[PDB]
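Containing compact mmCIF, C-alpha atoms and all ligand atoms: coords-v7.txt.
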# COMPACT_ATOMS: atom_id res chain seq x y z
CA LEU X 202 94.88 112.24 115.38
CA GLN X 203 91.60 113.67 114.08
CA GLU X 204 88.38 111.79 114.47
CA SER X 205 84.78 112.47 113.47
CA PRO V 1 107.16 109.81 95.90
CA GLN V 2 108.22 107.57 98.76
CA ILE V 3 108.12 109.44 102.11
CA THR V 4 109.94 108.22 105.22
CA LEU V 5 109.02 109.23 108.74
CA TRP V 6 112.36 110.27 110.24
CA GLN V 7 111.36 113.88 109.30
CA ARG V 8 107.79 115.21 109.68
CA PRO V 9 105.95 114.56 106.39
CA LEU V 10 105.39 118.13 105.14
CA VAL V 11 104.34 118.56 101.49
CA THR V 12 103.33 121.57 99.46
CA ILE V 13 99.61 121.74 98.75
CA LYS V 14 98.31 124.58 96.63
CA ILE V 15 94.85 125.81 97.54
CA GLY V 16 93.38 128.94 95.97
CA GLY V 17 96.69 129.73 94.23
CA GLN V 18 98.87 129.96 97.31
CA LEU V 19 101.43 127.39 98.40
CA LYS V 20 101.20 126.02 101.96
CA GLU V 21 102.89 123.09 103.73
CA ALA V 22 100.36 120.58 105.07
CA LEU V 23 101.16 117.33 106.96
CA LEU V 24 100.46 113.81 105.52
CA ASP V 25 98.32 112.47 108.32
CA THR V 26 96.86 108.96 108.50
CA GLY V 27 95.68 109.37 112.03
CA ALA V 28 93.23 111.82 110.60
CA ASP V 29 89.83 111.24 109.05
CA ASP V 30 89.57 114.72 107.56
CA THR V 31 91.57 117.46 105.99
CA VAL V 32 91.78 120.40 108.48
CA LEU V 33 93.43 123.64 107.32
CA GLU V 34 94.19 126.69 109.40
CA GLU V 35 91.96 129.69 109.09
CA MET V 36 91.62 130.76 105.48
CA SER V 37 89.23 132.13 102.95
CA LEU V 38 87.33 129.30 101.42
CA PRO V 39 84.82 129.95 98.64
CA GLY V 40 81.06 129.77 99.19
CA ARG V 41 79.08 128.38 102.05
CA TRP V 42 79.92 126.42 105.12
CA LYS V 43 78.29 124.20 107.60
CA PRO V 44 79.37 123.33 111.13
CA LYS V 45 81.21 120.28 112.20
CA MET V 46 82.28 119.04 115.62
CA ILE V 47 85.72 117.29 115.36
CA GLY V 48 87.73 115.99 118.35
CA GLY V 49 91.51 115.38 118.42
CA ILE V 50 93.78 114.80 121.45
CA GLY V 51 92.94 117.94 123.48
CA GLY V 52 89.34 117.01 122.76
CA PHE V 53 86.61 118.57 120.63
CA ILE V 54 86.39 121.63 118.46
CA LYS V 55 83.89 123.32 116.15
CA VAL V 56 85.11 123.73 112.53
CA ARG V 57 83.62 125.27 109.37
CA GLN V 58 83.16 122.81 106.49
CA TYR V 59 83.52 123.53 102.84
CA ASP V 60 82.54 121.00 100.21
CA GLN V 61 84.16 120.25 96.99
CA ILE V 62 87.36 122.30 97.42
CA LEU V 63 90.07 121.80 94.78
CA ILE V 64 93.41 121.39 96.49
CA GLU V 65 96.50 120.32 94.63
CA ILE V 66 99.02 118.20 96.66
CA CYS V 67 102.55 117.62 95.30
CA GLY V 68 101.02 118.55 91.93
CA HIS V 69 98.09 116.23 92.40
CA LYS V 70 94.48 117.34 92.34
CA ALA V 71 91.88 116.36 94.91
CA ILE V 72 88.35 117.80 95.18
CA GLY V 73 86.98 117.15 98.60
CA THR V 74 85.85 118.46 101.85
CA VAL V 75 88.15 120.84 103.62
CA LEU V 76 87.49 121.86 107.26
CA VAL V 77 88.70 125.42 108.29
CA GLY V 78 89.77 125.77 111.89
CA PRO V 79 92.19 126.21 114.73
CA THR V 80 94.72 123.47 114.10
CA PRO V 81 98.37 123.60 115.19
CA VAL V 82 99.15 122.83 111.50
CA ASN V 83 97.46 122.11 108.12
CA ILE V 84 96.26 118.42 108.23
CA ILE V 85 95.82 116.44 104.92
CA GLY V 86 93.69 113.52 106.07
CA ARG V 87 92.40 110.18 104.90
CA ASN V 88 89.66 111.78 102.77
CA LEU V 89 92.22 113.25 100.33
CA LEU V 90 94.99 110.70 100.93
CA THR V 91 92.76 108.00 99.34
CA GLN V 92 92.04 110.48 96.50
CA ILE V 93 95.78 110.85 95.54
CA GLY V 94 96.39 107.12 96.10
CA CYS V 95 98.42 107.21 99.30
CA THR V 96 99.45 104.04 101.11
CA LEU V 97 101.28 102.99 104.25
CA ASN V 98 104.07 100.56 103.28
CA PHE V 99 106.17 98.48 105.68
CA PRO D 1 102.52 95.24 102.78
CA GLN D 2 100.49 98.17 101.49
CA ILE D 3 97.89 99.50 103.95
CA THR D 4 95.08 101.59 102.38
CA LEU D 5 93.53 104.64 103.99
CA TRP D 6 90.01 103.70 102.97
CA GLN D 7 89.57 102.88 106.66
CA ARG D 8 91.32 104.23 109.74
CA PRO D 9 94.69 102.34 109.90
CA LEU D 10 94.46 100.23 113.08
CA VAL D 11 96.95 97.50 113.96
CA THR D 12 97.39 95.04 116.81
CA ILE D 13 100.20 96.01 119.19
CA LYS D 14 101.40 93.59 121.88
CA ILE D 15 102.42 95.40 125.03
CA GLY D 16 103.01 93.90 128.48
CA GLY D 17 101.33 90.54 127.77
CA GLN D 18 98.36 92.26 126.21
CA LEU D 19 97.11 92.53 122.72
CA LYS D 20 95.72 96.04 122.28
CA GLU D 21 95.23 97.97 119.08
CA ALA D 22 96.57 101.30 118.04
CA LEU D 23 96.37 103.69 115.15
CA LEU D 24 99.32 104.06 112.75
CA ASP D 25 99.64 107.82 112.62
CA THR D 26 101.94 109.87 110.57
CA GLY D 27 100.68 112.99 112.33
CA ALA D 28 102.03 111.94 115.71
CA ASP D 29 105.70 112.48 116.51
CA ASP D 30 105.54 110.29 119.60
CA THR D 31 103.48 107.32 120.68
CA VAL D 32 100.68 107.98 123.24
CA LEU D 33 98.92 105.09 125.06
CA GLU D 34 95.79 104.67 127.15
CA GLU D 35 96.54 105.46 130.83
CA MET D 36 98.53 102.44 132.13
CA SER D 37 101.58 101.88 134.34
CA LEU D 38 104.98 101.29 132.80
CA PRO D 39 108.09 100.29 134.70
CA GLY D 40 110.64 102.87 135.59
CA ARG D 41 110.52 106.57 135.98
CA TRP D 42 108.75 109.01 133.79
CA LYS D 43 109.17 112.63 132.88
CA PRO D 44 105.82 114.55 132.61
CA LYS D 45 105.21 116.27 129.28
CA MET D 46 102.37 118.22 127.65
CA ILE D 47 101.46 117.11 124.10
CA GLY D 48 98.85 119.14 122.25
CA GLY D 49 96.83 118.77 119.06
CA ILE D 50 93.20 119.61 118.15
CA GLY D 51 91.23 120.72 121.17
CA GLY D 52 94.51 121.52 122.87
CA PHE D 53 97.06 120.02 125.21
CA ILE D 54 97.04 116.95 127.54
CA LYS D 55 99.46 115.74 130.27
CA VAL D 56 101.27 112.41 129.55
CA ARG D 57 104.06 110.51 131.41
CA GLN D 58 107.12 109.88 129.21
CA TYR D 59 108.87 106.49 129.55
CA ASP D 60 112.05 105.99 127.51
CA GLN D 61 113.03 102.78 125.77
CA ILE D 62 109.70 100.87 125.87
CA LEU D 63 109.39 97.77 123.72
CA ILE D 64 106.31 97.62 121.54
CA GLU D 65 105.61 94.76 119.15
CA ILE D 66 103.75 96.65 116.37
CA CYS D 67 101.77 94.03 114.34
CA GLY D 68 104.47 91.37 114.85
CA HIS D 69 107.54 93.54 114.56
CA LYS D 70 109.47 94.95 117.55
CA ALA D 71 110.41 98.59 118.15
CA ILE D 72 112.08 100.24 121.16
CA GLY D 73 111.61 103.91 121.91
CA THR D 74 109.91 106.46 124.11
CA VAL D 75 106.21 105.87 124.90
CA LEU D 76 103.87 108.52 126.45
CA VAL D 77 101.16 107.25 128.85
CA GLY D 78 98.28 109.71 129.15
CA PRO D 79 94.57 110.24 128.75
CA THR D 80 94.36 109.48 125.01
CA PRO D 81 91.22 108.76 123.03
CA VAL D 82 92.98 105.83 121.34
CA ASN D 83 96.46 104.30 121.65
CA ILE D 84 98.54 106.16 118.98
CA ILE D 85 101.54 104.71 117.15
CA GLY D 86 103.62 107.73 116.15
CA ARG D 87 106.50 108.51 113.87
CA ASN D 88 109.00 107.36 116.55
CA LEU D 89 108.24 103.64 116.31
CA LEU D 90 106.90 103.87 112.68
CA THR D 91 110.38 104.27 111.09
CA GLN D 92 111.61 101.55 113.43
CA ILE D 93 109.31 99.07 111.66
CA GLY D 94 110.37 100.80 108.43
CA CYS D 95 107.04 102.31 107.70
CA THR D 96 106.62 104.72 104.83
CA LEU D 97 104.08 106.73 102.85
CA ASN D 98 103.67 106.31 99.07
CA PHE D 99 101.79 107.76 96.09
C1 LIG H 301 97.32 118.43 114.94
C2 LIG H 301 98.63 117.73 114.68
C3 LIG H 301 98.52 117.35 113.17
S1 LIG H 301 100.11 118.85 114.76
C4 LIG H 301 100.52 118.33 116.42
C5 LIG H 301 102.01 118.05 116.65
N1 LIG H 301 102.19 117.26 117.86
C6 LIG H 301 102.73 116.03 118.16
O1 LIG H 301 103.26 115.18 117.47
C7 LIG H 301 102.52 115.75 119.63
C8 LIG H 301 101.82 114.42 119.70
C9 LIG H 301 102.49 113.26 119.89
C10 LIG H 301 101.83 112.06 119.97
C11 LIG H 301 100.50 111.99 119.83
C12 LIG H 301 99.79 113.21 119.66
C13 LIG H 301 100.43 114.39 119.60
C14 LIG H 301 102.73 119.41 116.59
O2 LIG H 301 102.69 120.23 117.47
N2 LIG H 301 103.34 119.62 115.43
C15 LIG H 301 104.05 120.81 115.13
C16 LIG H 301 104.30 120.87 113.62
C17 LIG H 301 103.43 120.17 112.77
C18 LIG H 301 103.62 120.16 111.43
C19 LIG H 301 104.65 120.84 110.84
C20 LIG H 301 105.51 121.53 111.65
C21 LIG H 301 105.31 121.51 113.01
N3 LIG H 301 99.78 117.14 116.70
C22 LIG H 301 99.08 116.57 115.56
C23 LIG H 301 98.13 115.54 116.15
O3 LIG H 301 97.24 115.90 116.91
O4 LIG H 301 98.30 114.33 115.98

Output the file's structure in the form of structure tokens.
Amino acid sequence: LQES
Amino acid sequence: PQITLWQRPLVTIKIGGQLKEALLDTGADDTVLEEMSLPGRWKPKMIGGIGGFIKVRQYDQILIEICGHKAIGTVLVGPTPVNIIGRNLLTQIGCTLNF
Amino acid sequence: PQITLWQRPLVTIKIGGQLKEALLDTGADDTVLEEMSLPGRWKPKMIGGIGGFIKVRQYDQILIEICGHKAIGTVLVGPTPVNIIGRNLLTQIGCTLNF
């Protein structure tokens, strides 16, 4: 998971 | 190819003339590489994951080949456990989830 | 069913009555869920990604219905940003990557  | 998930999805990318294994990662918005020498300027980006937030360095229009496929995107350089190949370049190389 | 990565890949999951949604994520080995309480005993574990490690409670053989289809396996319950559907149940519902 990797957001923004 | 067709990649199953019983093994971790590592693939050879080839950035700046060196081979590296990166992970095909759908949970990820961006492509996050481990510390390396990208060409030109950078800007700062906040990016959170599971442990929370981190500051990265962002490089625009980087040419990374992936399983002998060329993308030209935004690469983030930072402290990742592993080299992440995210949605930004997965759409570029025409990657889909199939079930 | 081809899923595109134009947008973050979010599916409905039905868990303990509930309809929740999770992210189909080829970067995650295991499945992490929002803090909740599963039946049975758990083994504490530390999973870490970007921004480091967090402390989850492992529960073995939990039934998830991932967008209609069932899958048994280990489920981690911890302080996650988003429910994550990892590689563990993904193969179970015969998910794959293509390009
Ligand atoms: C940053 C990452 C891309 S790598 C790391 C992975 N952790 C897990 O699956 C633990 C986990 C489980 C469920 C949900 C979140 C995390 C690990 O340590 N991988 C070693 C490794 C990686 C590639 C090649 C070889 C070895 N987490 C990923 C992520 O944050 O989603």

Please extract the residues at most 7 Å from ligand LIG 301 (chain H), counting only C-alpha atoms and all ligand atoms, and provide them as a ChimeraX atom specification, using the chain letters and residue numbers of this document. /X:202-203 /V:8,10,23,25,27,49-50,80-82,84 /D:27-32,47-50,84,86

Keeping only C-alpha atoms, write the selected residues as a PDB file, in the coordinates of the input.
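Final output, saved to part.pdb:
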ATOM      1  CA  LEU X 202      94.880 112.240 115.380  1.00  0.00           C
ATOM      2  CA  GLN X 203      91.600 113.670 114.080  1.00  0.00           C
TER       3      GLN X 203
ATOM      4  CA  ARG V   8     107.790 115.210 109.680  1.00  0.00           C
ATOM      5  CA  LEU V  10     105.390 118.130 105.140  1.00  0.00           C
ATOM      6  CA  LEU V  23     101.160 117.330 106.960  1.00  0.00           C
ATOM      7  CA  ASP V  25      98.320 112.470 108.320  1.00  0.00           C
ATOM      8  CA  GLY V  27      95.680 109.370 112.030  1.00  0.00           C
ATOM      9  CA  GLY V  49      91.510 115.380 118.420  1.00  0.00           C
ATOM     10  CA  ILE V  50      93.780 114.800 121.450  1.00  0.00           C
ATOM     11  CA  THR V  80      94.720 123.470 114.100  1.00  0.00           C
ATOM     12  CA  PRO V  81      98.370 123.600 115.190  1.00  0.00           C
ATOM     13  CA  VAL V  82      99.150 122.830 111.500  1.00  0.00           C
ATOM     14  CA  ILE V  84      96.260 118.420 108.230  1.00  0.00           C
TER      15      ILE V  84
ATOM     16  CA  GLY D  27     100.680 112.990 112.330  1.00  0.00           C
ATOM     17  CA  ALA D  28     102.030 111.940 115.710  1.00  0.00           C
ATOM     18  CA  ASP D  29     105.700 112.480 116.510  1.00  0.00           C
ATOM     19  CA  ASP D  30     105.540 110.290 119.600  1.00  0.00           C
ATOM     20  CA  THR D  31     103.480 107.320 120.680  1.00  0.00           C
ATOM     21  CA  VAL D  32     100.680 107.980 123.240  1.00  0.00           C
ATOM     22  CA  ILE D  47     101.460 117.110 124.100  1.00  0.00           C
ATOM     23  CA  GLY D  48      98.850 119.140 122.250  1.00  0.00           C
ATOM     24  CA  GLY D  49      96.830 118.770 119.060  1.00  0.00           C
ATOM     25  CA  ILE D  50      93.200 119.610 118.150  1.00  0.00           C
ATOM     26  CA  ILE D  84      98.540 106.160 118.980  1.00  0.00           C
ATOM     27  CA  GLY D  86     103.620 107.730 116.150  1.00  0.00           C
TER      28      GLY D  86
END

Nearest to residue 34 in chain D among D:15, D:3, D:67, D:77, with distances taken over all atoms listed in the file: which residue is it? D:77

Considering all atoms listed in the file, can you say which of V:52, V:18, V:41, V:76 comes closest to chain D? V:52

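Pairwise distance (CA of residue 87 in chain D, CA of residue 63 in chain V) equals 28.5 Å.
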
Pick out the closest residue to chain X from this set: D:40, D:69, D:11, D:83. Count only C-alpha atoms. D:83

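Compared by their closest atoms to chain X, and using only C-alpha atoms, the residues D:19, D:95, D:13, D:24 rank with D:24 nearest.
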
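Residue nearest chain X within the list V:51, V:68, V:94, V:16: V:51 [criterion: smallest interatomic distance, all atoms listed in the file].
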
Determine the axis-aligned bounding box of all atoms of range 29-38 of chain D present in the file, pad each side by 5 Å, and express its centre and edge lengths in Å to one decimal place as lines of an AutoDock Vina configuration file.
center_x = 100.7
center_y = 106.9
center_z = 125.4
size_x = 19.9
size_y = 21.2
size_z = 27.8

Length of the CA of residue 90 in chain V to CA of residue 73 in chain D vector [Å]: 27.6 Å

Can you pull out the residues contacting residue 78 in chain V? Cut-off 8 Å, using only C-alpha atoms, and skip same-chain residues under 4 positions away; I want them as a list in words.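 So the residues in contact are residues 32, 33, 34, 35, 55, 56 and 57 of chain V.
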
When you draw a straight line from CA of residue 71 in chain V to CA of residue 88 in chain D, how long is it in Å?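 Straight-line distance from CA of residue 71 in chain V to CA of residue 88 in chain D works out to 29.0 Å.
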
Complete the atom set of range 82-98 of chain D to N, CA, C and O atoms and return it as a PDB file, keeping the file's coordinate frame.
ATOM      1  N   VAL D  82      92.511 107.045 121.993  1.00  0.00           N
ATOM      2  CA  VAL D  82      92.980 105.830 121.340  1.00  0.00           C
ATOM      3  C   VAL D  82      94.489 105.703 121.492  1.00  0.00           C
ATOM      4  O   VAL D  82      95.258 106.725 121.443  1.00  0.00           O
ATOM      5  N   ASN D  83      94.967 104.486 121.707  1.00  0.00           N
ATOM      6  CA  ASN D  83      96.460 104.300 121.650  1.00  0.00           C
ATOM      7  C   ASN D  83      96.879 104.846 120.265  1.00  0.00           C
ATOM      8  O   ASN D  83      96.172 104.479 119.302  1.00  0.00           O
ATOM      9  N   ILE D  84      97.932 105.600 120.135  1.00  0.00           N
ATOM     10  CA  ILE D  84      98.540 106.160 118.980  1.00  0.00           C
ATOM     11  C   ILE D  84     100.003 105.648 118.836  1.00  0.00           C
ATOM     12  O   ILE D  84     100.812 105.945 119.718  1.00  0.00           O
ATOM     13  N   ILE D  85     100.224 105.093 117.636  1.00  0.00           N
ATOM     14  CA  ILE D  85     101.540 104.710 117.150  1.00  0.00           C
ATOM     15  C   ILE D  85     102.087 105.834 116.249  1.00  0.00           C
ATOM     16  O   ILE D  85     101.761 106.021 115.093  1.00  0.00           O
ATOM     17  N   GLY D  86     103.043 106.557 116.835  1.00  0.00           N
ATOM     18  CA  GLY D  86     103.620 107.730 116.150  1.00  0.00           C
ATOM     19  C   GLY D  86     104.900 107.426 115.403  1.00  0.00           C
ATOM     20  O   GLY D  86     105.533 106.375 115.457  1.00  0.00           O
ATOM     21  N   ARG D  87     105.347 108.491 114.727  1.00  0.00           N
ATOM     22  CA  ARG D  87     106.500 108.510 113.870  1.00  0.00           C
ATOM     23  C   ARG D  87     107.761 107.872 114.444  1.00  0.00           C
ATOM     24  O   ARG D  87     108.640 107.414 113.625  1.00  0.00           O
ATOM     25  N   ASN D  88     107.915 107.835 115.728  1.00  0.00           N
ATOM     26  CA  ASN D  88     109.000 107.360 116.550  1.00  0.00           C
ATOM     27  C   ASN D  88     109.239 105.873 116.343  1.00  0.00           C
ATOM     28  O   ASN D  88     110.395 105.446 116.058  1.00  0.00           O
ATOM     29  N   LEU D  89     108.155 105.118 116.527  1.00  0.00           N
ATOM     30  CA  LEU D  89     108.240 103.640 116.310  1.00  0.00           C
ATOM     31  C   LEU D  89     107.984 103.334 114.836  1.00  0.00           C
ATOM     32  O   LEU D  89     108.672 102.397 114.311  1.00  0.00           O
ATOM     33  N   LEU D  90     107.222 104.109 114.083  1.00  0.00           N
ATOM     34  CA  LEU D  90     106.900 103.870 112.680  1.00  0.00           C
ATOM     35  C   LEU D  90     108.098 103.588 111.812  1.00  0.00           C
ATOM     36  O   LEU D  90     108.103 102.469 111.158  1.00  0.00           O
ATOM     37  N   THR D  91     109.100 104.381 111.802  1.00  0.00           N
ATOM     38  CA  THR D  91     110.380 104.270 111.090  1.00  0.00           C
ATOM     39  C   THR D  91     111.194 103.011 111.469  1.00  0.00           C
ATOM     40  O   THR D  91     111.913 102.467 110.614  1.00  0.00           O
ATOM     41  N   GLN D  92     111.069 102.660 112.732  1.00  0.00           N
ATOM     42  CA  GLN D  92     111.610 101.550 113.430  1.00  0.00           C
ATOM     43  C   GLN D  92     111.179 100.262 112.746  1.00  0.00           C
ATOM     44  O   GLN D  92     112.062  99.403 112.531  1.00  0.00           O
ATOM     45  N   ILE D  93     109.906 100.230 112.391  1.00  0.00           N
ATOM     46  CA  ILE D  93     109.310  99.070 111.660  1.00  0.00           C
ATOM     47  C   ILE D  93     109.312  99.382 110.147  1.00  0.00           C
ATOM     48  O   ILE D  93     108.654  98.727 109.325  1.00  0.00           O
ATOM     49  N   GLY D  94     110.121 100.376 109.776  1.00  0.00           N
ATOM     50  CA  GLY D  94     110.370 100.800 108.430  1.00  0.00           C
ATOM     51  C   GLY D  94     109.102 101.080 107.631  1.00  0.00           C
ATOM     52  O   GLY D  94     108.892 100.748 106.448  1.00  0.00           O
ATOM     53  N   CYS D  95     108.258 101.835 108.342  1.00  0.00           N
ATOM     54  CA  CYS D  95     107.040 102.310 107.700  1.00  0.00           C
ATOM     55  C   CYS D  95     107.335 103.550 106.879  1.00  0.00           C
ATOM     56  O   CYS D  95     108.176 104.398 107.203  1.00  0.00           O
ATOM     57  N   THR D  96     106.642 103.605 105.746  1.00  0.00           N
ATOM     58  CA  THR D  96     106.620 104.720 104.830  1.00  0.00           C
ATOM     59  C   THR D  96     105.285 104.962 104.117  1.00  0.00           C
ATOM     60  O   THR D  96     104.489 104.042 103.831  1.00  0.00           O
ATOM     61  N   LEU D  97     105.078 106.176 103.672  1.00  0.00           N
ATOM     62  CA  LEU D  97     104.080 106.730 102.850  1.00  0.00           C
ATOM     63  C   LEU D  97     104.387 106.711 101.365  1.00  0.00           C
ATOM     64  O   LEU D  97     105.411 107.299 100.923  1.00  0.00           O
ATOM     65  N   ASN D  98     103.418 106.325 100.547  1.00  0.00           N
ATOM     66  CA  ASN D  98     103.670 106.310  99.070  1.00  0.00           C
ATOM     67  C   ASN D  98     102.462 106.812  98.266  1.00  0.00           C
ATOM     68  O   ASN D  98     101.289 106.594  98.589  1.00  0.00           O
TER      69      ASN D  98
END
